[PDB]
């Protein structure tokens, strides 16, 4: 589970940076991309805190904060996907992003039900 979170953390950073290449496709998508990148950056910081402290030692309040954050990001990622539907490449990144965010959710879902 811990090793799985390290790999998902790597995904968060990768796809957050990959979203920066979608800039310039449309002015309507700009603010959606930026907000998503900044929220993902905050979530990565939170997952960094979780790993360094220890997943077995995480309090319920922390897990609730993390679950709240990832679900909001997942909703916003879905909205980005819907708006996108260069364009094809953006959809591929958005698709892989969604999958990675779901993996992050499943880690936290498992920790919360432990």
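Positions refer to the first chain, counted from 1.
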(message) Please classify the coordinate gap between residue 85 and residue 86 in terms of deposited residues: none, 1 to 3, 4 to 9, or 10 or more.
(response) 4 to 9
(message) If you take the mean CA temperature factor per stretch, which one wins between 10-18 and 86-94?
(response) 86-94
(message) Comparing average C-alpha B factors as deposited, tell me which of 27-35 and 49-57 sits higher.
(response) 49-57
(message) For the chain shown, is the CA B-factor of residue 107 in the lowest, middle or highest third of its modelled residues?
(response) lowest
